[PDB]
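So the structure is just underneath, and the comments pick up after that.
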Amino acid sequence: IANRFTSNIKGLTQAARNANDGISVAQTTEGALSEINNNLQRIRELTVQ
Amino acid sequence: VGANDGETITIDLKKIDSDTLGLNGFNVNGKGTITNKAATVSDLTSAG
Amino acid sequence: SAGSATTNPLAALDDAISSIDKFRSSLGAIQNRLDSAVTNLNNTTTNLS
């Protein structure tokens, strides 16, 4: 049972690290998207003009 | 995200560019609707 | 011949760990019974002497 618990603990720690990496991916993509949105807003203002 | 097989979370990505948003020939400096000239006998016979 | 990625890696690793644990448990049980045999032999030797 101690061996099983050790396996579970190590797996869960590594899984937490993987989830942190996923959060990083999402943050980067969302920053790029925000820049794209600003560009689109400026384009719409130009078209209105 | 888990310690066993199958414990996965999926992030869906979308191809964002001009093509998937339209805007390709976003030709705002164009001419728009233009009234065409009336036909005449010369091009009437030119048509055959 | 070349192969491909294993379909279910964690299950195979769990099976290997379980086999190792079963072997260790059997070995420990045998060693405990051997120690008990040693104690009984010492007592019998003393009494017969």
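Ligands are numbered from 1 in the order shown, residues from 1 within each chain, and chains are lettered A, B, ... in the order they appear in the structure tokens.
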
Neighbours of chain A in chain C at 12 Å, counting only C-alpha atoms, as a ChimeraX atom specification:
/C:10,13-15,17-18,20-22,24-25

Write out as CSV the residues of chain C that have any atom within 9 Å of an atom of chain B, one row each with the nearest atom pair and its distance in Å to one decimal, counting only C-alpha atoms, sorted by chain and then rising number.
residue,atom,partner,partner_atom,distance
C:8,CA,B:5,CA,7.1
C:9,CA,B:5,CA,7.9
C:10,CA,B:5,CA,6.3
C:11,CA,B:5,CA,7.7

Just to be explicit: take each residue in the selection above, keep N, CA and C atoms, and write the result as an mmCIF file, in the first residue's frame.
data_model
loop_
_atom_site.group_PDB
_atom_site.id
_atom_site.type_symbol
_atom_site.label_atom_id
_atom_site.label_comp_id
_atom_site.auth_asym_id
_atom_site.auth_seq_id
_atom_site.Cartn_x
_atom_site.Cartn_y
_atom_site.Cartn_z
ATOM 1 N N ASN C 8 -1.411 1.429 -23.666
ATOM 2 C CA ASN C 8 -1.792 1.581 -22.264
ATOM 3 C C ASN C 8 -0.554 1.420 -21.395
ATOM 4 N N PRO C 9 0.267 2.468 -21.282
ATOM 5 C CA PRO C 9 1.544 2.308 -20.566
ATOM 6 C C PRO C 9 1.378 2.170 -19.065
ATOM 7 N N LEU C 10 0.485 2.962 -18.472
ATOM 8 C CA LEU C 10 0.361 2.983 -17.021
ATOM 9 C C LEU C 10 -0.185 1.663 -16.494
ATOM 10 N N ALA C 11 -1.081 1.021 -17.246
ATOM 11 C CA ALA C 11 -1.579 -0.285 -16.830
ATOM 12 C C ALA C 11 -0.462 -1.321 -16.799
#

Using DSSP on the backbone coordinates, identify all residues within chain B classified as helix (DSSP H, G or I); present the result as an MDAnalysis selection string.
chainID B and resid 19:21 41:46

Let's have the selection written as a PDB file, in the first residue's frame, with C-alpha atoms.
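Contents of the output file again16.pdb:
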ATOM      1  CA  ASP B  19      -9.473  33.470 -44.325  1.00  0.00           C
ATOM      2  CA  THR B  20     -11.526  32.249 -41.358  1.00  0.00           C
ATOM      3  CA  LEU B  21     -12.805  35.789 -40.685  1.00  0.00           C
ATOM      4  CA  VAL B  41     -26.181  49.780 -82.351  1.00  0.00           C
ATOM      5  CA  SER B  42     -22.400  49.434 -82.693  1.00  0.00           C
ATOM      6  CA  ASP B  43     -21.955  46.979 -79.836  1.00  0.00           C
ATOM      7  CA  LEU B  44     -25.375  45.504 -80.634  1.00  0.00           C
ATOM      8  CA  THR B  45     -23.917  44.322 -83.946  1.00  0.00           C
ATOM      9  CA  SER B  46     -20.593  43.549 -82.252  1.00  0.00           C
TER      10      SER B  46
END

With a cut-off of 10 Å, could you pull out the residues of chain B touching chain A and give me the nearest pair of atoms for each, distance in Å to one decimal, using only C-alpha atoms, ordered by chain and ascending number, as CSV?
residue,atom,partner,partner_atom,distance
B:1,CA,A:15,CA,4.7
B:2,CA,A:15,CA,5.9
B:3,CA,A:11,CA,4.5
B:4,CA,A:11,CA,7.9
B:7,CA,A:15,CA,9.6
B:8,CA,A:15,CA,10.0
B:9,CA,A:19,CA,9.1
B:10,CA,A:22,CA,9.8
B:11,CA,A:26,CA,8.5
B:13,CA,A:29,CA,9.2
B:16,CA,A:33,CA,9.0
B:17,CA,A:36,CA,9.5
B:28,CA,A:47,CA,7.6
B:29,CA,A:47,CA,10.0

Produce a file of the selected residues containing N, CA and C atoms, as a PDB file, in the first residue's frame.
ATOM      1  N   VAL B   1      -3.949  15.145 -16.526  1.00  0.00           N
ATOM      2  CA  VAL B   1      -4.228  15.781 -15.247  1.00  0.00           C
ATOM      3  C   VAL B   1      -4.354  14.781 -14.104  1.00  0.00           C
ATOM      4  N   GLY B   2      -4.578  13.498 -14.378  1.00  0.00           N
ATOM      5  CA  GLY B   2      -4.585  12.481 -13.353  1.00  0.00           C
ATOM      6  C   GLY B   2      -3.317  11.648 -13.359  1.00  0.00           C
ATOM      7  N   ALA B   3      -3.293  10.661 -12.468  1.00  0.00           N
ATOM      8  CA  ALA B   3      -2.160   9.758 -12.349  1.00  0.00           C
ATOM      9  C   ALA B   3      -2.358   8.448 -13.093  1.00  0.00           C
ATOM     10  N   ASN B   4      -3.532   8.217 -13.662  1.00  0.00           N
ATOM     11  CA  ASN B   4      -3.801   7.026 -14.450  1.00  0.00           C
ATOM     12  C   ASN B   4      -4.079   7.436 -15.893  1.00  0.00           C
ATOM     13  N   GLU B   7      -7.125  10.311 -17.975  1.00  0.00           N
ATOM     14  CA  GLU B   7      -7.448  11.545 -17.258  1.00  0.00           C
ATOM     15  C   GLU B   7      -6.858  12.722 -18.027  1.00  0.00           C
ATOM     16  N   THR B   8      -7.600  13.175 -19.030  1.00  0.00           N
ATOM     17  CA  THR B   8      -7.132  14.225 -19.918  1.00  0.00           C
ATOM     18  C   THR B   8      -8.146  15.354 -19.987  1.00  0.00           C
ATOM     19  N   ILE B   9      -7.636  16.560 -20.205  1.00  0.00           N
ATOM     20  CA  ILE B   9      -8.450  17.732 -20.504  1.00  0.00           C
ATOM     21  C   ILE B   9      -8.018  18.263 -21.862  1.00  0.00           C
ATOM     22  N   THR B  10      -8.988  18.569 -22.717  1.00  0.00           N
ATOM     23  CA  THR B  10      -8.713  18.976 -24.087  1.00  0.00           C
ATOM     24  C   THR B  10      -8.909  20.477 -24.247  1.00  0.00           C
ATOM     25  N   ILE B  11      -7.920  21.130 -24.842  1.00  0.00           N
ATOM     26  CA  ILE B  11      -8.002  22.531 -25.230  1.00  0.00           C
ATOM     27  C   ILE B  11      -8.186  22.583 -26.737  1.00  0.00           C
ATOM     28  N   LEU B  13      -8.165  24.509 -30.234  1.00  0.00           N
ATOM     29  CA  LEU B  13      -7.603  25.675 -30.893  1.00  0.00           C
ATOM     30  C   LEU B  13      -8.294  25.887 -32.233  1.00  0.00           C
ATOM     31  N   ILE B  16      -7.130  31.061 -36.615  1.00  0.00           N
ATOM     32  CA  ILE B  16      -7.567  32.447 -36.701  1.00  0.00           C
ATOM     33  C   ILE B  16      -6.653  33.171 -37.676  1.00  0.00           C
ATOM     34  N   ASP B  17      -7.232  33.685 -38.752  1.00  0.00           N
ATOM     35  CA  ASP B  17      -6.513  34.488 -39.732  1.00  0.00           C
ATOM     36  C   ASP B  17      -7.546  35.250 -40.550  1.00  0.00           C
ATOM     37  N   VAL B  28     -12.714  48.258 -49.487  1.00  0.00           N
ATOM     38  CA  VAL B  28     -13.500  49.443 -49.135  1.00  0.00           C
ATOM     39  C   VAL B  28     -13.198  50.657 -50.017  1.00  0.00           C
ATOM     40  N   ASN B  29     -12.009  50.710 -50.625  1.00  0.00           N
ATOM     41  CA  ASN B  29     -11.703  51.785 -51.563  1.00  0.00           C
ATOM     42  C   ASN B  29     -12.210  51.512 -52.975  1.00  0.00           C
TER      43      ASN B  29
END
